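First up is the structure itself, then whatever we jot down about it.
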Amino acid sequence: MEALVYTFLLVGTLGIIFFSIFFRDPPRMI
Amino acid sequence: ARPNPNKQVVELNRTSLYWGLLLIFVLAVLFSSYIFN
Amino acid sequence: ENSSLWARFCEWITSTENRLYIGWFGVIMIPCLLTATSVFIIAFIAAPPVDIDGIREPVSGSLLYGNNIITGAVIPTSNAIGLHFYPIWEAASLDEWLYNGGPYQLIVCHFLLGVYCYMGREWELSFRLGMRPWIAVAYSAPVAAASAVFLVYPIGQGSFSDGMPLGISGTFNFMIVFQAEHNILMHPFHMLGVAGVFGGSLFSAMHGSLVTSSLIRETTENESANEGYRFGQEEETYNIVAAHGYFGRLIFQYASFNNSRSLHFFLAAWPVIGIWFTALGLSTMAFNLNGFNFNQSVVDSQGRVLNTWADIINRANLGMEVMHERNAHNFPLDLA
Amino acid sequence: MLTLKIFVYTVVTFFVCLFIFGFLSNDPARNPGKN
Amino acid sequence: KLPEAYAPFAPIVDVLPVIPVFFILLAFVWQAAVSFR
Amino acid sequence: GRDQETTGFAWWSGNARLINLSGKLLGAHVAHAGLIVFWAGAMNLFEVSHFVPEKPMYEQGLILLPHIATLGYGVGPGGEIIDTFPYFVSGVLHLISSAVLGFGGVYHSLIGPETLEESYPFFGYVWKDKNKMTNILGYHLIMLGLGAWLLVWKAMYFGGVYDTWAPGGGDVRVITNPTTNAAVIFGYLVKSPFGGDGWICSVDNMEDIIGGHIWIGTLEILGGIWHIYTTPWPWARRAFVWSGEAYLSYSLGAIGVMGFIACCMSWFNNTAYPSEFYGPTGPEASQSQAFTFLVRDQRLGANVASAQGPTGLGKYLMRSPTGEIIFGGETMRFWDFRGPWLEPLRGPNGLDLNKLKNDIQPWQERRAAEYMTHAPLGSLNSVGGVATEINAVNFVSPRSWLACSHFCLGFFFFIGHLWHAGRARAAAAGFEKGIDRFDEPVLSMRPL
Amino acid sequence: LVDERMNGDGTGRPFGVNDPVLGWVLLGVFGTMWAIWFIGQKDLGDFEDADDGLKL
Amino acid sequence: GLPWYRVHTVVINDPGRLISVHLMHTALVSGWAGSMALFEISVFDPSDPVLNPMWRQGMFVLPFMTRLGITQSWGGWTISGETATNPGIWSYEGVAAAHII
Amino acid sequence: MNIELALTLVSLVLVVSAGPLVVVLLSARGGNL
Amino acid sequence: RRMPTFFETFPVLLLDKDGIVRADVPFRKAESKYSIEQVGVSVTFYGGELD
Amino acid sequence: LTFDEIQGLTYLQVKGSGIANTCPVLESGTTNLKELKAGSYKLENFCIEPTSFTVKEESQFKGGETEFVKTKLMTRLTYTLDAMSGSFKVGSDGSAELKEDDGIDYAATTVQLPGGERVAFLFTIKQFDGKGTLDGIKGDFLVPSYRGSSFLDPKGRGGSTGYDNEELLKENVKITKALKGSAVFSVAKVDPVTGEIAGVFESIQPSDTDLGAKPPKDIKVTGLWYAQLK
Ligand SMILES: CCCCCCCCCCCCCCCCCC(=O)OC[C@H](CO[C@@H]1O[C@H](CO[C@H]2O[C@H](CO)[C@H](O)[C@H](O)[C@H]2O)[C@H](O)[C@H](O)[C@H]1O)OC(=O)CCCCCCCCCCCCCCCCC
Ligand code: CLA
Ligand code: CLA
Ligand code: CLA
Ligand SMILES: CCCCCCCCCCCCCCCC(=O)OC[C@H](CO[C@@H]1O[C@H](CS(=O)(=O)O)[C@@H](O)[C@H](O)[C@H]1O)OC(=O)CCCCCCCCCCCCCCC
Ligand SMILES: CC1=C(/C=C/C(C)=C/C=C/C(C)=C/C=C/C=C(C)/C=C/C=C(C)/C=C/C2=C(C)CCCC2(C)C)C(C)(C)CCC1
Ligand SMILES: CC1=C(/C=C/C(C)=C/C=C/C(C)=C/C=C/C=C(C)/C=C/C=C(C)/C=C/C2=C(C)CCCC2(C)C)C(C)(C)CCC1
Ligand SMILES: CC1=C(/C=C/C(C)=C/C=C/C(C)=C/C=C/C=C(C)/C=C/C=C(C)/C=C/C2=C(C)CCCC2(C)C)C(C)(C)CCC1
Ligand code: OEX
Ligand SMILES: [Cl-]
């Protein structure tokens, strides 16, 4: 049972890393 | 590209929060008797 | 226009307006890392258990085989293979590849080739923006460290089984077996690297404190202090003379950097030189030049051996020498 | 397995030749500096 | 070992390997003499 | 002498002041070339001075004598020493000759002309002059093209070299028939570097090592003339950087790779680095254990073929993953070994079981018992066992000093590559000093 | 012979090729990438010149 | 502003976002079926088909693969009473990984 | 205390003295170093 | 010999009256000159349930 | 290859090719058993080489009819017995026998079934003595213990070495006894002059028992074999 709970939390962390790169808050200058 | 001109806003006033939270808890009182059997 | 098909292509790779820059290292970094990433995930989840030592007792490493995150690993290539190039096609069946330690040697060869070239495109973008190029030098300090635990150490031992597994508990066995055979804590290169990160963390906690403690008042107190800085500004966001003046009172005035360009060089040069020795440490320990050995060294008259702490660390090492690879050694020396 | 080994050699020598013929294509003039 | 007509010169030859290390130390001596101009 | 405010370079980056000074730089390489010869002479006489010619050479902590002894000076059959006078000569020859290089290194660095451009026109060079660089390249290619032939001539005319694959122990043999087949020579270069293949460390006989240098002797005498009469082609103008530091970093990329190969060749190759002189290799000393401890069953008479181990694999002899009769235990990883004390015991199907029970020479075990003891694993203060071994003996192998030193020496030059090859690329472009603060190229780009 | 293999890891075949289709794969891919580079050389500047590199 | 139940009618005007949503709903429906298949073949019991069959085991998406002709696993077992000669690329595990990619 | 170990250390004193002696003799007499 | 606080598992020993090891359950059953079947240790209970 | 086709090769000409995993095949010989010579002949270079490993698997399926299933080999090329030697006595009507005692008469081998799980054994025909006609040399041999007695588990247990800890099956049973196998030969072709005969065998032996922790399995082996006479 826990073998699928672990893989949720692994690919969950990889979810944010996708969203933190391409859907980041764009740094506007000045 | 262009900004979308279909941007709308969603709101939920307090008298609708109370119908929401009272909806969820009441049928959770209902069905939880059956989930545990 | 009149441009060729090829020139259209080279004005896209070297284009600095992509979201992630590719460059010419990235045309062979990206297909190697996506290879090595996508095979690391599968063998961390569904690899059948691997004979690591050649004695045909397979070691489990998958989450589907009753492991958790900590005990999961990608098990190294078997002892019987050694240093033979063992790709996927030399195995007869695909399951014969998996049982013999297949995906360890597929990952490491694509990983190490990937991180040699991630160092490459850190140069290449810095040439595309007019930056000075030496960030690629500073990334060579982990690259020197990761080349040693995967490639330079299995050469001197002669087999990819003694390399480091790709697991959290797999790493912790590699730290123990290493010091049992080579006594890494009594080697001055591991002493430099230990000072490389205890000094490196101190030089980050101390530098980062004083810049925070000299911020100029620009916001309110309900608003955070990070709102005083606006992006791309020209004027300086913290008083520099005040922090040298503070740290000059703290120990003495000669013990401080007033030149902030000389400061940030020292923060770069201290850990990077420190990791270089502890990368060369187990590189030289790969070719069996272990460390210090002060066993039975303090002897008085009448020929009697007094214990030191070095004889206590002996007993730890001697208790782990006779326990690693528990069903392998047929002979009273650990030459392999 | 021979069908797989002829495929890796097409893949590798494609990307190895984009590397070698990429740096030959006047990379040292692909800089933002001016003269 | 050394030849027998050369054996009274063994104490001098045991210094000779250390000499090139003293050339890099000389270059710091000379730069202190010019006082790091 | 030079200050800082005329050149910008500080006292610690001081040797970069003489980039554009041709004549001072010439004395700088000559003076440094003196110190290499001066180290060669001084360390040779030092090692002769502490040399006991009855103990083995690798036991006494020696690295420069087996280099001379491989060529075949003062050595006889089996590896023993006849006379130690030629080891005294080369230490004397380099040490006196270093002073001749020493005087020219002092002279051009002080009094000789600082730029030998307009006074001595054959020697004067500008770093962008491509035809002049290919000349100065092409002259030196003759100097180590000819230097390759000295090893060739000494192996075919001047007594030959020590051939450790001689029948009945190693012996000096004059190479008469050097293997010069191009398919045989160039088969090593395009061979894989992994186990069982061994890119150039696996050259196993003296006939190829001497046979190879006839190629490399001929090539950069042919290639040396090529660069004299030609300039680099316009694709090579589109590919390289043509400054002074750029030529250096090209070299530092080369001799970083040179160090890693000598790191590996002194650890694995017992043909150019014979085990009688440099000590056994790691794979040799591990395979010596199972052979000597199979003699220890022959004096007790138990069946070495039927000796099953604890895991059911074979205590003494087992099968290779390519199906060959090899040793067993944890030394199964070293089954790619070949050695002159072991190869007269191998048939088609690996080592022959019928031959090993009957046809063991006495001198083979006499050599394979020294190699059990003198395994290269030791400490840093020269204890010389496993890490759990007490202060008893005093031995660490010259193979372990050469593999560790020439890894680290051949590593920082790759860090030396990434320093200068970035700096020379930057300074040729213009922005080695920093960002201009008036038109930075980031402000002219689109966001994100 | 319970199964069929390459049997080609310790053989030391050059570039790892054992079937001559691999040599044409090694060479035919190389010539094609060269052919696209040689045509597109018209855009990469014409340094047919005395000295025209990234000099200093 | 909107209520909570009219939030998805920002899509009704422009065409282009309506593809983007209909792709997102299509990615979930397949990604269910890839997840439902891998979940179930990891809890399947191919031992006793005559008496502990496929339907009694309590199973949803695997008969819908079997009905169109998927009878072999990468594990090497079949349904009808034999083992796999070769599963091929289109097996229970492969179809499960077909929907997720 | 040997005669060999002593004359070795006498030999090391002379060379180490000869290093800065070239610097001293030009810092006083010439002034061009 | 009682278990100290630190060892999760402690090798069993049988000290004598005076504190010298007499019998034990060894690890290596191959070579053995102090195991209990070469000694013959018997257990007697006093009260409790095995009185 | 024949014998002297193998013997002409050097060690470099064979290393890594898998040629040394093979037994020598024979081309010149008598196919119809002409010779029928009697007496004592030195059974020399008796090496066999298997072809297929199929196990008597108690079926996944509930039907009580066992079978033999095809397997995937997990070891690379460690399966050929070699250099076993002895004497090959031959009679007059066809009564003959063979007795071998030495050489590599055992070789370890793991192998895999579908369903994922694995099964190991050591492939041995040691101390085998079959009599009879030149079609059947059916007899019996022994199977030694797979692991040794000094073998340790992952938890430091075992018969010759090891501490301990309902679970008394996992430490108190560390067996080092030898079971018994069944081997069938057949002579196929005889050479009269050079003294080298070939043939087809079929052998059967138990697999492994985890030192007495699961009931073992039995494995059919096919293949070819070879034997010289001088
Ligand atoms: C087991 C064995 C396995 C074997 C595997 C095979 C391994 C092979 C390894 C080869 C490694 C070599 C890599 C470096 C090559 C460098 C080429 C180069 O820098 O190249 C630079 C030069 C540039 O050439 C110059 O290019 C110029 C271009 O001018 C053009 O451009 C100019 C400005 O750019 C002007 O505009 C001008 O007007 C315009 O015409 C002119 O043409 C000049 O005349 C011309 O000399 O190119 C040249 O000389 C190139 C000369 C050599 C070419 C070699 C070709 C080999 C082909 C082999 C067969 C392949 C079959 C392919 C079939 C394909 C279909 C299936
Ligand atoms: C082996 C290494 C080496 C070599 C050959 C050189 C060589 C040189 N350096 Mg560099 N240098 C080095 C290392 C080296 N350096 C190091 C390690 C540093 C860092 C400290 C520097 C820092 C540095 C700076 C900052 C400068 C130089 C400069 C110079 C040049 C002139 C020196 C001078 O003014 O002489 C005058 C010096 C003296 C009179 C002192 C005495 C020196 C003598 C030669 C020593 C004799 C040694 C030996 C006993 C002689 C044996 C006798 C022989 C005939 C047999 C010269 C070409 C200068 C330059 O840029 O030139 C334009 C300069 O400004 N060097
Ligand atoms: C170490 C000495 C040295 C140095 C520094 C140089 C440096 C240079 N040479 Mg010279 N050269 C040398 C030795 C040297 N060469 C020798 C010994 C020869 C004789 C063979 C030549 C012949 C030569 C020619 C003919 C040319 C140069 C050129 C050049 C320039 C560009 C080279 C280049 O782009 O390489 C980058 C490297 C590559 C593009 C790939 C090279 C890889 C080669 C092909 C090795 C592969 C061989 C392989 C193992 C064989 C396979 C066998 C298999 C089928 C069994 C550069 C200035 C060129 C130039 O500018 O003209 C003046 C040029 O046309 N050189
Ligand atoms: C093909 C199916 C489909 C589609 C595309 C639409 C599309 C639309 N409907 Mg309609 N609708 C449908 C089926 C559909 N409906 C059905 C079957 C019913 C009967 C129950 C309704 C009843 C209905 C009403 C009464 C209203 C809409 C409205 C809307 C609009 C906005 C929806 C919204 O804001 O929801 C927002 C939804 C949420 C914020 C979350 C709701 C949470 C749900 C109730 C439970 C969670 C989802 C569940 C777990 C997913 C399982 C899916 C199931 C199929 C298995 C949009 C035009 C609104 C409209 O037209 O006003 C302009 C409106 O008032 N729909
Ligand atoms: C390998 C993958 C493995 C599975 C992945 C699972 C991921 C789980 C974790 C997700 C983390 C989400 C954190 C918040 C993200 C965020 O704030 O984005 C903020 C962005 C703002 O972008 C904005 O978009 C604007 C354009 S517009 O207005 O939207 O048209 C633009 O103006 C602005 O600049 C831009 O910033 O919002 C969006 O535009 C996209 C909507 C994001 C919200 C949905 C995320 C949840 C669904 C994920 C997929 C299903 C997963 C199932 C569980 C939910
Ligand atoms: C430029 C410069 C520099 C450098 C310099 C140099 C580096 C020099 C070198 C020099 C050299 C490099 C020198 C050498 C010399 C040598 C000699 C002088 C030798 C002698 C010898 C002898 C004397 C011998 C003797 C003997 C014999 C005969 C035999 C045995 C015994 C005996 C030992 C006795 C520097 C850095 C400072 C910086 C500044 C400037
Ligand atoms: C004597 C001897 C021998 C031989 C040897 C030889 C013969 C060698 C040769 C060698 C060679 C013949 C080598 C070659 C090499 C090459 C190389 C190494 C190359 C490189 C390249 C480069 C570096 C390039 C780069 C680039 C690119 C990539 C792109 C663009 C840019 C540039 C151009 C920069 C033998 C083994 C027999 C034995 C032992 C000893
Ligand atoms: C409440 C409830 C309900 C509902 C339910 C539902 C609705 C469910 C769903 C579920 C789902 C809907 C799930 C899904 C999942 C998905 C997934 C799991 C996916 C994944 C994917 C991935 C992971 C991908 C990845 C990637 C990318 C992104 C890139 C490209 C490539 C790759 C492949 C890597 C009902 C009423 C009916 C009843 C019961 C209860
Ligand atoms: O593989 Mn991982 O650790 Ca180099 O020692 Mn012998 O082998 Mn094994 O034991 Mn100790
Ligand atoms: Cl072993």
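Labels for the structure tokens follow display order: chains A, B, ..., residues from 1 in each chain, ligands from 1.
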How would you report the residues lying within 7 Å of ligand 1, as number ranges by chain, if you count only C-alpha atoms and all ligand atoms? F: 235; G: 14-15, 17, 23, 26-28, 30-32, 35, 38, 41-46
Using only C-alpha atoms, select each residue of chain C with any atom at most 6 Å away from an atom of chain G, and give the selection as a list in words.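 On the chain C side, the interface is residues 4, 6, 90 and 92 of chain C.
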Output N, CA, C and O atoms for every residue in the selection just made, as a tab-separated table (two decimals), in the first residue's frame.
```tsv
chain	number	residue	atom	x	y	z
C	4	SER	N	20.69	29.71	-44.66
C	4	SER	CA	20.59	28.29	-44.92
C	4	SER	C	19.67	27.63	-43.91
C	4	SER	O	19.18	28.26	-42.97
C	6	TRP	N	20.92	25.34	-42.02
C	6	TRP	CA	21.83	25.19	-40.89
C	6	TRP	C	21.96	26.47	-40.09
C	6	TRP	O	22.04	26.43	-38.86
C	90	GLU	N	24.57	-6.36	-24.75
C	90	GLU	CA	25.44	-7.50	-24.52
C	90	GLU	C	24.75	-8.59	-23.72
C	90	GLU	O	25.12	-9.76	-23.82
C	92	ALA	N	21.86	-11.23	-22.99
C	92	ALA	CA	21.03	-12.01	-23.89
C	92	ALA	C	19.56	-11.63	-23.75
C	92	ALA	O	18.93	-11.16	-24.70
```
Would you mind listing, for every residue of chain C within 8 Å of chain D, the two atoms forming the shortest contact and the distance between them in Å to one decimal, using only C-alpha atoms, sorted by chain and ascending residue number, as a Markdown table?
```
| residue | atom | partner | partner_atom | distance |
| --- | --- | --- | --- | --- |
| C:10 | CA | D:22 | CA | 7.4 |
| C:14 | CA | D:30 | CA | 7.7 |
| C:24 | CA | D:19 | CA | 5.9 |
| C:25 | CA | D:19 | CA | 7.2 |
| C:27 | CA | D:15 | CA | 6.8 |
| C:28 | CA | D:15 | CA | 6.0 |
| C:89 | CA | D:1 | CA | 5.1 |
| C:90 | CA | D:1 | CA | 7.9 |
| C:127 | CA | D:31 | CA | 6.3 |
| C:128 | CA | D:31 | CA | 5.1 |
| C:129 | CA | D:32 | CA | 6.1 |
| C:130 | CA | D:32 | CA | 6.1 |
```
Within 10 Å of stretch 69-80 of chain H using only C-alpha atoms, minus same-chain residues under 2 positions, as a ChimeraX atom specification: /H:41,46-50,53-54,62-67,82-95 /K:60-61,113-117
Restricting it to N, CA and C atoms, dump the selection as an mmCIF file, in the first residue's frame.
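Produced file part-v2.cif, reproduced below:
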```cif
data_model
loop_
_atom_site.group_PDB
_atom_site.id
_atom_site.type_symbol
_atom_site.label_atom_id
_atom_site.label_comp_id
_atom_site.auth_asym_id
_atom_site.auth_seq_id
_atom_site.Cartn_x
_atom_site.Cartn_y
_atom_site.Cartn_z
ATOM 1 N N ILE H 41 -3.225 -4.264 -11.914
ATOM 2 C CA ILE H 41 -2.352 -5.379 -12.261
ATOM 3 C C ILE H 41 -1.317 -5.638 -11.182
ATOM 4 N N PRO H 46 -3.374 -14.127 -10.894
ATOM 5 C CA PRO H 46 -3.629 -14.962 -12.076
ATOM 6 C C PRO H 46 -3.573 -16.457 -11.812
ATOM 7 N N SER H 47 -3.683 -16.856 -10.546
ATOM 8 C CA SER H 47 -3.408 -18.236 -10.169
ATOM 9 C C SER H 47 -4.514 -19.178 -10.622
ATOM 10 N N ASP H 48 -5.749 -18.928 -10.189
ATOM 11 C CA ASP H 48 -6.838 -19.900 -10.270
ATOM 12 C C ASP H 48 -7.978 -19.330 -11.104
ATOM 13 N N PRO H 49 -7.875 -19.352 -12.435
ATOM 14 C CA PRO H 49 -8.931 -18.742 -13.246
ATOM 15 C C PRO H 49 -10.198 -19.563 -13.318
ATOM 16 N N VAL H 50 -10.139 -20.862 -13.031
ATOM 17 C CA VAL H 50 -11.349 -21.667 -13.112
ATOM 18 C C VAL H 50 -12.265 -21.405 -11.923
ATOM 19 N N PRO H 53 -11.922 -16.448 -10.426
ATOM 20 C CA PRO H 53 -11.717 -15.855 -11.747
ATOM 21 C C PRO H 53 -11.416 -14.376 -11.711
ATOM 22 N N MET H 54 -11.454 -13.773 -12.882
ATOM 23 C CA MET H 54 -11.219 -12.352 -13.011
ATOM 24 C C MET H 54 -12.356 -11.505 -12.472
ATOM 25 N N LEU H 62 -9.595 -3.920 -16.263
ATOM 26 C CA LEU H 62 -8.895 -5.014 -16.919
ATOM 27 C C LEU H 62 -9.779 -5.918 -17.791
ATOM 28 N N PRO H 63 -11.064 -6.171 -17.494
ATOM 29 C CA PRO H 63 -11.897 -6.802 -18.528
ATOM 30 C C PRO H 63 -12.113 -5.956 -19.765
ATOM 31 N N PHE H 64 -12.066 -4.636 -19.664
ATOM 32 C CA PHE H 64 -12.219 -3.824 -20.861
ATOM 33 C C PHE H 64 -10.975 -3.815 -21.727
ATOM 34 N N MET H 65 -9.846 -4.281 -21.209
ATOM 35 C CA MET H 65 -8.682 -4.517 -22.043
ATOM 36 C C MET H 65 -8.701 -5.916 -22.619
ATOM 37 N N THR H 66 -9.183 -6.873 -21.831
ATOM 38 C CA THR H 66 -9.221 -8.264 -22.252
ATOM 39 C C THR H 66 -10.199 -8.470 -23.395
ATOM 40 N N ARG H 67 -11.285 -7.701 -23.406
ATOM 41 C CA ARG H 67 -12.348 -7.884 -24.382
ATOM 42 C C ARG H 67 -11.899 -7.529 -25.791
ATOM 43 N N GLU H 82 -2.213 -20.723 -19.938
ATOM 44 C CA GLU H 82 -0.839 -20.917 -20.377
ATOM 45 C C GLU H 82 0.001 -19.752 -19.869
ATOM 46 N N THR H 83 1.236 -19.682 -20.350
ATOM 47 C CA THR H 83 2.141 -18.581 -20.069
ATOM 48 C C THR H 83 2.481 -17.846 -21.358
ATOM 49 N N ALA H 84 3.190 -16.736 -21.210
ATOM 50 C CA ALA H 84 3.475 -15.871 -22.344
ATOM 51 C C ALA H 84 4.676 -16.397 -23.116
ATOM 52 N N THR H 85 4.481 -16.647 -24.410
ATOM 53 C CA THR H 85 5.615 -16.860 -25.302
ATOM 54 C C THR H 85 6.428 -15.583 -25.425
ATOM 55 N N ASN H 86 5.812 -14.534 -25.961
ATOM 56 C CA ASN H 86 6.322 -13.200 -25.840
ATOM 57 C C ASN H 86 5.119 -12.275 -25.715
ATOM 58 N N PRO H 87 5.148 -11.330 -24.778
ATOM 59 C CA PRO H 87 3.997 -10.435 -24.630
ATOM 60 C C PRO H 87 3.871 -9.435 -25.755
ATOM 61 N N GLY H 88 4.976 -9.032 -26.366
ATOM 62 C CA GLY H 88 4.945 -7.936 -27.307
ATOM 63 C C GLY H 88 4.867 -6.610 -26.583
ATOM 64 N N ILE H 89 4.801 -5.539 -27.370
ATOM 65 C CA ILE H 89 4.799 -4.215 -26.765
ATOM 66 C C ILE H 89 3.429 -3.878 -26.188
ATOM 67 N N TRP H 90 2.350 -4.415 -26.751
ATOM 68 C CA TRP H 90 1.008 -4.093 -26.280
ATOM 69 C C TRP H 90 0.572 -5.191 -25.327
ATOM 70 N N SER H 91 0.899 -4.994 -24.060
ATOM 71 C CA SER H 91 0.490 -5.905 -23.008
ATOM 72 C C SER H 91 -0.245 -5.127 -21.930
ATOM 73 N N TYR H 92 -0.523 -5.759 -20.785
ATOM 74 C CA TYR H 92 -1.211 -5.055 -19.707
ATOM 75 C C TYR H 92 -0.379 -3.906 -19.167
ATOM 76 N N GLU H 93 0.915 -4.135 -18.966
ATOM 77 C CA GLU H 93 1.771 -3.076 -18.456
ATOM 78 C C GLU H 93 2.005 -2.010 -19.511
ATOM 79 N N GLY H 94 2.097 -2.417 -20.775
ATOM 80 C CA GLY H 94 2.427 -1.470 -21.823
ATOM 81 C C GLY H 94 1.274 -0.554 -22.169
ATOM 82 N N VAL H 95 0.056 -1.093 -22.190
ATOM 83 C CA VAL H 95 -1.127 -0.267 -22.391
ATOM 84 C C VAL H 95 -1.317 0.679 -21.215
ATOM 85 N N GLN K 60 0.868 -22.632 -11.447
ATOM 86 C CA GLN K 60 -0.011 -21.552 -11.019
ATOM 87 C C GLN K 60 -1.463 -21.977 -11.132
ATOM 88 N N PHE K 61 -1.811 -22.607 -12.246
ATOM 89 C CA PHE K 61 -3.175 -23.037 -12.485
ATOM 90 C C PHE K 61 -3.501 -24.259 -11.630
ATOM 91 N N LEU K 113 11.790 -17.870 -13.865
ATOM 92 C CA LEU K 113 10.479 -18.203 -14.384
ATOM 93 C C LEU K 113 9.688 -16.948 -14.690
ATOM 94 N N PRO K 114 8.677 -17.040 -15.548
ATOM 95 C CA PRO K 114 7.693 -15.962 -15.628
ATOM 96 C C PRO K 114 6.892 -15.870 -14.343
ATOM 97 N N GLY K 115 6.328 -14.690 -14.116
ATOM 98 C CA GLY K 115 5.858 -14.314 -12.807
ATOM 99 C C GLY K 115 6.880 -13.555 -11.997
ATOM 100 N N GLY K 116 8.122 -13.490 -12.466
ATOM 101 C CA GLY K 116 9.143 -12.679 -11.840
ATOM 102 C C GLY K 116 10.149 -13.446 -11.010
ATOM 103 N N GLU K 117 9.685 -14.451 -10.275
ATOM 104 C CA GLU K 117 10.500 -15.066 -9.242
ATOM 105 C C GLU K 117 11.576 -15.968 -9.839
#
```
Can you tell me which residues surround residue A:29 at a distance of at most 10 Å, considering only C-alpha atoms, apart from same-chain residues fewer than 6 positions away, and format the answer as a PyMOL selection string? (chain C and resi 230-233) or (chain F and resi 447)
Once you have the residues from the selection above, write them out as a CSV table (one decimal), in the first residue's frame, restricted to N, CA and C atoms.
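Final output, saved to again_12.csv:
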```csv
chain,number,residue,atom,x,y,z
C,230,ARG,N,14.2,47.2,-4.6
C,230,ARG,CA,13.4,47.1,-5.8
C,230,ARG,C,14.4,46.6,-6.9
C,231,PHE,N,13.9,45.8,-7.8
C,231,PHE,CA,14.8,45.0,-8.7
C,231,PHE,C,15.4,45.9,-9.7
C,232,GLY,N,16.7,45.7,-9.9
C,232,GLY,CA,17.4,46.5,-10.9
C,232,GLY,C,17.8,47.8,-10.5
C,233,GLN,N,17.8,48.1,-9.2
C,233,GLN,CA,18.2,49.5,-8.8
C,233,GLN,C,19.7,49.7,-8.9
F,447,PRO,N,12.5,40.6,-22.1
F,447,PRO,CA,12.4,39.9,-20.8
F,447,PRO,C,12.1,38.5,-20.9
```
Please identify all protein, DNA and RNA residues within 10 Å of ligand 9, counting only C-alpha atoms and all ligand atoms, and report them as JSON, numbers by chain. {"C": [52, 53, 54, 76, 78, 79, 82, 153, 154, 156, 157, 158, 159, 160, 161, 162, 163, 164, 173, 174, 177, 178, 180, 181, 182, 286, 320, 321, 322, 323, 324, 325, 326, 327, 328, 329, 331, 333, 334, 335, 336], "F": [329, 330, 331, 332, 333, 386]}
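Every residue having at least one atom no farther than 7 Å from ligand 8 is included below, with only C-alpha atoms and all ligand atoms taken into account: residues 28, 29, 31, 32, 35, 100 and 101 of chain H.
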Residues of chain B within 10 Å of chain H, using only C-alpha atoms, as an mmCIF file with C-alpha atoms, in the first residue's frame?
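And here's selection.cif as it stands now:
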```cif
data_model
loop_
_atom_site.group_PDB
_atom_site.id
_atom_site.type_symbol
_atom_site.label_atom_id
_atom_site.label_comp_id
_atom_site.auth_asym_id
_atom_site.auth_seq_id
_atom_site.Cartn_x
_atom_site.Cartn_y
_atom_site.Cartn_z
ATOM 1 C CA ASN B 4 -7.488 37.872 -22.180
ATOM 2 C CA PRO B 5 -10.547 40.157 -21.907
ATOM 3 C CA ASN B 6 -12.603 37.342 -20.334
ATOM 4 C CA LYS B 7 -11.041 37.653 -16.872
ATOM 5 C CA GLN B 8 -13.818 37.430 -14.289
ATOM 6 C CA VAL B 9 -13.713 37.299 -10.497
ATOM 7 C CA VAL B 10 -15.317 34.801 -8.134
ATOM 8 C CA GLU B 11 -16.746 35.661 -4.731
ATOM 9 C CA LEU B 12 -18.389 33.840 -1.844
ATOM 10 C CA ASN B 13 -19.986 35.976 0.851
#
```
When DSSP works through the backbone of this structure, what residues of stretch 59-101 of chain H end up as helix (DSSP H, G or I), shown as a ChimeraX atom specification? /H:62-66,92-100
When the cut-off is 7 Å and you count only C-alpha atoms and all ligand atoms, which residues lie near ligand 2, shown as a PyMOL selection string? (chain E and resi 23-24+27-28+30-31) or (chain F and resi 1-3+10-18+24-25+27-29+31-32+99+102-103+106+109-110) or (chain I and resi 19+22-23+32-33)
